[PDB]
> 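After the structure tokens below, expect a handful of questions from me.
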Number of protein chains: 4
Amino acid sequence: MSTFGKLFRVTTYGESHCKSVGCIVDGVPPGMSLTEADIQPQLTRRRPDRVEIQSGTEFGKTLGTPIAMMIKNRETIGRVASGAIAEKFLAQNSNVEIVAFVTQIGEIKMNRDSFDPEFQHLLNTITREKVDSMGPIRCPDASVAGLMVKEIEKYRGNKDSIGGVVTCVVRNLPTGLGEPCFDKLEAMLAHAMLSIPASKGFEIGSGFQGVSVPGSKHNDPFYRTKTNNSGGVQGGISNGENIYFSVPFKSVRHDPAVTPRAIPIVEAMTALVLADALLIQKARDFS
Amino acid sequence: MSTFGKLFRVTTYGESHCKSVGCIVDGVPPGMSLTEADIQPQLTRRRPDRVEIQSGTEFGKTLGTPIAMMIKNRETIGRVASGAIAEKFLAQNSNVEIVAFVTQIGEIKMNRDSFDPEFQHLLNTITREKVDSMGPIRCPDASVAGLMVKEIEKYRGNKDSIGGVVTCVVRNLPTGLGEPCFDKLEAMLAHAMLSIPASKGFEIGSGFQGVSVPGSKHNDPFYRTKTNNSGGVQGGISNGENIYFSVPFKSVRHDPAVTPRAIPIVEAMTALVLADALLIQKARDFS
Amino acid sequence: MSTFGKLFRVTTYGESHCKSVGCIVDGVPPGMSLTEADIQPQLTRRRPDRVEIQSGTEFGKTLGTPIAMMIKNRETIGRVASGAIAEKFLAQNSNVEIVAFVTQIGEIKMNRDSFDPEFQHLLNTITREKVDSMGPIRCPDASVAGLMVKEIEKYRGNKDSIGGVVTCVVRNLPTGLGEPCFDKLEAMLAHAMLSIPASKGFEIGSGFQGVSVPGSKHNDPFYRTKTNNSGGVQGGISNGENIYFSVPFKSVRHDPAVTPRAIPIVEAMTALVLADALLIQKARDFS
Amino acid sequence: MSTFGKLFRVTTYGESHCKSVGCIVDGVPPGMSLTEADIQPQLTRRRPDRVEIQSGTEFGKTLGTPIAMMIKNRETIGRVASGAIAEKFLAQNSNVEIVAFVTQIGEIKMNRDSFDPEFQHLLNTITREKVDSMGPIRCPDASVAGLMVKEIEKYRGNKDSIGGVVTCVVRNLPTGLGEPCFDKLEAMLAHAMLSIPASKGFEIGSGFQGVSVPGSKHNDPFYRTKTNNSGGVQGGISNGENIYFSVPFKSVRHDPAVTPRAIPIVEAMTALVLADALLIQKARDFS
């Protein structure tokens with residue numbers, strides 16, 4: 001249905017032609033600074049439309065009760081709005097960084113080979129500000145960014161559309177997140193990503209491409225130190241390495257800016273998943 | 001944790017070195033024929049080890065209470081065991097057919113282009129019996145099956161391992177299955193598949209490869225009638241077309257038969273997902 | 001947290017001093033007539049304050065998507081609002097009748113002995129309209145109603161308050177509702193009732209008072225046909241007899257109209273529980 | 001269904017005439033000492049029948065994986081077994097004490113008035129060992145215990161049965177447990193207690209009897225310091241005062257030792273609820 005999460009929960013609402021769209025976020029801890037200004041930046045980024053908090057805060061801080069947010073005039077705004085709260089909760093209680101970006105438009109692919117030190121260096125350093133500095137295409141590889149824009153213009157000229165891939169990295173994630181055997185972190189992430197409109201998949205770490213590479217190269221300490229081929233999970237829980245994953249989107253009514261526009265949704269869904277996982281993990285760290 | 005499902009539920013248990021492994025299946029309807037013989041075939045297929053029902057049946061039929069199954073001496077047997085029940089429930093109350101098979105070992109790829117009429121014809125006709133007739137490699141494409149076996153033998157010679165992709169088709173699925181906006185059928189499937197040990201991904205329909213193909217070709221009525229490019233879902237619910245999806249597996253302790261051995265787990269997880277979805281859909285078909 | 005239900009779900013929001021209060025109702029079937037006028041009657045009854053539907057309907061009918069409702073300026077309105085939807089869903093798909101009423105204020109008790117044919121006759125015939133015809137006290141027993149009003153006035157004179165008991169009957173409930181062993185119908189009802197502010201308990205059927213009566217009298221076919229002593233449940237599922245139960249409320253800031261004002265909340269919570277149970281039961285009636 | 005709990009979870013199985021009965025307990029923290037000897041005492045107490053741990057431990061300690069327990073030859077053993085784990089988890093991580101006892105058999109009532117200093121003193125001091133020292137009747141009030149035994153013998157002579165009330169106290173509970181607005185601690189407890197076979201109710205603190213007492217006496221600081229009239233909850237969360245509640249049981253096949261035999265089930269259900277609540281509360285204490 002339209003509730004997501006176990007302890008950090010969002011319930012959404014809203015169709016195209018209705019009075020409002022929004023969500024209710026439940027399980028946010030009391031005492032955290034939160035106003036509309038913490039939420040608008042990511043909502044503005046949905047174009048490479050306002051938001052008022054109805055409840056759950058007082059004098060700029062959260063009460064620990066349900067936080068309803070509404071925007072006047074299905075729709076993914078509630079996801080992005082709720083993810084902005086998750087993101088702040090994670091920034092404070094961890095310095096987690098979540099950055100998504102375009103790695104494919106149509107036939108044009110950024111190299112994102114998990115064994116490639118340059119790709120790894122990009123995962124280590126990329127930031128939202130850098131992603132946005134590229135223009136609306138939001139691909140931080142200048143050897144292909146302009147070819148992607150041209151692909152988009154080829155299809156726009158033909159009154160056609162084409163899909164792409166969004167890749168996301170998460171840094172500074174604590175160890176132990178995820179809940180085997182069925183709610184392993186990668187499974188919670190996949191569930192999240194496949195729910196996004198026009199998503200057709202999910203892969204983590206070495207993914208589909210690493211099927212071509214022998215196990216020895218995935219695991220050996222040198223290949224020149226070993227890369228992050230797991231995408232930050234072992235046995236279904238975070239190992240403190242970077243999480244990275246990719247999601248393909250379909251274009252089709254035509255787009256064809258589906259892919260760059262999907263960055264904040266991917267980021268939001270990631271934050272919701274990681275905020276839930278962090279709460280669940282603190283439940284049993286105590287115990 | 002180790003419970004999967006909402007209305008058709010399985011809770012599993014078991015490590016490598018413990019007294020037994022098993023599961024409890026909850027939400028099976030009363031009155032269905034079920035004995036150990038309905039469960040053994042798929043468990044035997046885990047090699048290209050017994051099982052006794054502890055509860056939930058009487059005189060060969062289900063009571064509607066929890067069905068505990070145990071096998072003396074984490075482990076995925078409980079998944080396969082519970083999936084055999086799901087599969088029978090779906091066969092009776094639908095004629096659903098679920099068939100998984102190998103489409104990649106290492107560098108060797110079966111063509112599985114969603115726009116290719118031959119691939120579509122294979123999705124329409126493939127059966128378990130045909131999959132198993134190929135040998136342990138379980139790839140029903142003789143142009144590549146023997147090259148896959150040779151890839152496996154190359155890596156076995158090197159005391160190495162290598163991964164692969166399992167592709168799964170579901171036929172005769174009723175319309176309306178899946179629960180938007182967050183428990184869309186493809187999201188329930190992805191969650192299921194990413195929980196399988198050594199899984200690194202999930203894609204449905206046109207997937208990652210269809211990112212290279214314009215929207216016009218995905219959607220036009222002719223390309224020669226339109227193929228199943230969605231993989232059987234629209235707006236997150238089944239449309240009565242074939243469901244098909246693929247999952248990549250890592251090899252690494254080395255294998256390298258991880259991929260063909262994963263077929264029954266993929267089938268089992270698929271059946272659990274579809275049995276749950278079918279129950280949830282009947283809840284509101286009534287209403 | 002602030003979500004209630006499994007398949008018929010409500011998530012609520014709202015504190016005393018916030019911009020609005022409301023809820024999101026998820027799992028309502030498509031095609032049912034619903035506008036604000038179906039919701040106002042029960043909300044008006046919270047005094048022995050408006051409501052606008054934000055989403056989930058079109059041209060007076062439900063879409064099957066989340067129905068957000070909001071009232072400008074914790075709070076129990078969202079419960080009552082969502083329960084009005086549940087109630088309509090149950091009236092249509094069953095002719096279920098839910099009627100709550102006051103049976104105790106302070107020291108003044110209406111006789112509600114399960115073995116008493118008059119009490120049983122009242123359970124069989126009582127209606128909301130009859131309950132409200134009594135005045136704000138909402139106790140349909142004139143031998144005690146006026147003594148209850150006088151009790152209230154005694155305590156109001158003393159700038160004090162006092163509690164009471166609300167009793168609720170449900171008629172025409174289909175058989176098979178409830179989900180043993182842990183979500184038995186009486187357990188779902190108890191969970192619901194103990195969540196209401198100022199509730200201190202829950203009892204069904206013969207309850208606390210029937211502890212004094214031997215088993216033979218509970219079960220014998222004559223005592224003059226056997227009464228409904230179970231309160232409509234056997235083995236945790238509805239048996240098609242009347243459901244009846246009682247809830248005590250505390251008075252304390254003072255009231256002392258807590259008890260009569262709680263009638264619509266009790267009715268609403270009952271409807272939410274029974275609408276969920278009915279959906280879950282149809283899930284496996286099919287199967 | 002037959003799963004109970006959110007983070008501390010038990011799934012049970014077993015009918016009268018099946019191969020075994022048992023449960024799977026999920027969410028127990030790793031590193032805790034646990035063997036069969038921690039579980040047998042409470043199971044023996046089910047008579048005023050063995051148990052083997054199948055999984056989840058190694059070298060006498062918990063692994064953090066699912067703990068399956070089985071007893072060869074519905075049934076409530078799995079509840080009691082799982083509750084023994086919950087109880088140990090709570091004893092270690094809190095010094096919580098849970099003590100249940102008989103307060104009514106048939107017409108014979110122990111005084112349990114919340115305003116009565118003697119009742120309060122008993123809640124403060126009662127222990128299991130003291131409860132069991134009374135004989136199988138398990139009522140620690142000698143002014144009525146022998147009258148209760150005689151009531152039981154009156155009905156046993158008549159080949160009849162009669163019910164009773166079990167009262168339970170919890171001491172040293174940390175503050176903040178429970179999850180408003182719908183999973184308030186008293187609602188989680190009520191849900192738990194109404195699921196026990198033959199349970200017909202639940203009341204906490206002043207309960208049904210305190211409906212007769214004005215609000216001033218419930219709340220005033222002196223009445224001689226104020227008693228615990230809330231039963232240890234305010235706004236649906238624990239306030240660090242003693243929790244106490246009572247549950248009525250029906251006798252009917254006849255018993256009539258249903259009531260004293262129900263003590264360990266009540267204790268077990270209490271422990272499961274409080275272990276879950278404690279985990280959920282630690283989730284957001286962190287945050």
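Side-chain atoms are counted along with the backbone in the values below, which use heavy atoms only and exclude waters and symmetry mates. Lettering of chains follows the sequences in order, A, B, ..., and the numbering in each one begins at 1.
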> Would you confirm whether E203(B), through its side chain, and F202(A), through its main-chain N or O, come within 3.5 Å as a donor-acceptor pair?
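No, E203(B) side chain to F202(A) backbone: no donor-acceptor pair under 3.5 Å.
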> Closest approach of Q209(B) and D113(B), non-hydrogen atoms and distance?
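Where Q209(B) meets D113(B) most closely, the heavy atoms are NE2-CA, 3.1 Å.
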> When you measure from the side chain of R74(A) to the backbone of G14(A), do you find a donor-acceptor pair of N or O atoms at a distance under 3.5 Å?
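No.
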> Using a 4.5 Å cut-off on heavy atoms from C-beta on, say whether the side chain of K19(C) contacts that of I53(A).
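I53(A) vs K19(C): side chains apart.
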> Are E15(A) and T65(C) linked by a side-chain donor-acceptor pair shorter than 3.5 Å?
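Yes - a donor-acceptor pair under 3.5 Å links their side chains.
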> Is there a donor-acceptor pair closer than 3.5 Å between any side-chain N or O of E179(A) and the backbone N or O of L185(A)?
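Side chain of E179(A) to backbone of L185(A), a donor-acceptor pair under 3.5 Å: no, none is there.
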> If you apply the rule side chain to side chain contact (heavy atoms under 4.5 Å, CB included), what do you find for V170(A) with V96(A), and how did you get there?
CA-CA 7 Å; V170(A) 186; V96(A) 160; 3.7 Å; yes
> Answer yes or no: is there a donor N or O on one side and an acceptor on the other, between the side chain of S195(A) and the main chain of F182(B), under 3.5 Å?
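Checking the backbone N and O of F182(B) against the side chain of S195(A), no donor-acceptor pair under 3.5 Å is found.
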> Going by heavy atoms in the side chains, are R79(A) and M269(A) under 4.5 Å from each other?
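SC-SC contact between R79(A) and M269(A) confirmed.
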> Tell me whether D255(A) contacts the main-chain N or O of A257(A) through its side chain, where contact means a donor paired with an acceptor under 3.5 Å.
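Here the side-chain-to-backbone pair does not exist.
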> Using a cut-off of 6.0 Å, state whether more than 12 heavy atoms not belonging to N73(A) lie near its atom CG.
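For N73(A), atom CG is not crowded (no more than 12 foreign heavy atoms under 6.0 Å).
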> Looking at side-chain heavy atoms only, is the closest gap between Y13(C) and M70(C) below 4.5 Å?
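Yes. Closest side-chain heavy atoms under 4.5 Å.
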> Taking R156(A) for its side chain and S161(A) for its backbone only, find out whether a donor-acceptor pair lies under 3.5 Å.
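Between the backbone of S161(A) and the side chain of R156(A) there is no qualifying donor-acceptor contact (under 3.5 Å).
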> Taking the six-membered ring for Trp, are the ring centroids of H218(A) and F115(A) within less than 6.0 Å of each other?
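Aromatic pair counts; centres sit under 6.0 Å.
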> What I'd like to find out is whether the side chain of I105(A) reaches to under 4.5 Å of the side chain of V102(A), using heavy atoms alone.
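Yes. Closest side-chain heavy atoms under 4.5 Å.
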> Considering residues at least two apart in sequence or located in another chain, which fulfil the side chain to side chain contact (heavy atoms under 4.5 Å, CB included) criterion with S199(B)?
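With neighbours one apart ignored, the set is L194(B), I196(B), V247(B), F249(B).
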> Tell me, do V213(A) and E107(B) make a side-chain contact under 4.5 Å, heavy atoms counted?
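SC-SC contact between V213(A) and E107(B) ruled out.
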> Decide yes or no for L123(A) and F119(A): does some side-chain heavy atom of the first lie under 4.5 Å from some side-chain heavy atom of the second?
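Result yes, sub-4.5 Å side-chain heavy-atom pair found.
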> Verify, without hydrogens or angle tests, whether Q120(A) (side chain) and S114(A) (backbone) share a donor-acceptor contact under 3.5 angstrom.
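Yes, the answer is positive, given that a donor and an acceptor are paired below the 3.5 Å cut-off.
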> How about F286(A) and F286(D): are their ring centroids closer than 6.0 Å?
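No - the distance between ring centres of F286(A) and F286(D) does not fall below the 6.0 Å cut-off.
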> Would you say the side chain of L177(A) lies within less than 4.5 Å of the side chain of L278(A), judging by non-hydrogen atoms?
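Touching, per the 4.5 Å side-chain cut-off.
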> Would the distance check show the side chain of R284(D) and the main-chain N or O of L7(A) forming a donor-acceptor pair, the cut-off being under 3.5 Å?
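Yes, the answer is positive, given that a donor and an acceptor are paired below the 3.5 Å cut-off.
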> Please lay out, stage by stage, how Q54(C) and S20(A) fare under the test side chain to side chain donor-acceptor pair (under 3.5 Å).
CA-CA 6 Å; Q54(C) 304 296 119; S20(A) 66; 2.4 Å; yes
> Donor-acceptor pair, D276(A) side chain versus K6(A) backbone, under 3.5 Å?
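Such a contact is found between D276(A) side chain and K6(A) backbone.
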> Would you find a donor on one side and an acceptor on the other, under 3.5 Å apart, between the side chain of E186(A) and the backbone of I204(A)?
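Checked: no pair found.
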> Do NZ/NE/NH1/NH2 and the carboxylate oxygens of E97(A) and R128(A) come within less than 4.0 Å?
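No salt bridge links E97(A) with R128(A).
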> Ignoring hydrogens and angles, state whether a donor on the side chain of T11(C) or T3(C) is under 3.5 Å from an acceptor on the partner side chain.
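Short answer, yes.
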> Would you check, one step at a time, whether the test side chain to side chain contact (heavy atoms under 4.5 Å, CB included) holds for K250(B) with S206(A)?
CA-CA 8 Å; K250(B) 219 183 233 217; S206(A) 60; 3.2 Å; yes
> For a 4.5 angstrom cut-off between non-hydrogen side-chain atoms, does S55(C) reach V21(A)?
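Contact flag for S55(C)/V21(A) side chains = no.
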> Could you go through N242(A) and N228(A), starting from their C-alpha distance and side-chain angles, then the distance that decides it, and tell me whether this counts as side chain to side chain donor-acceptor pair (under 3.5 Å)?
CA-CA 7 Å; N242(A) 289 345; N228(A) 183 358; 5.7 Å; no
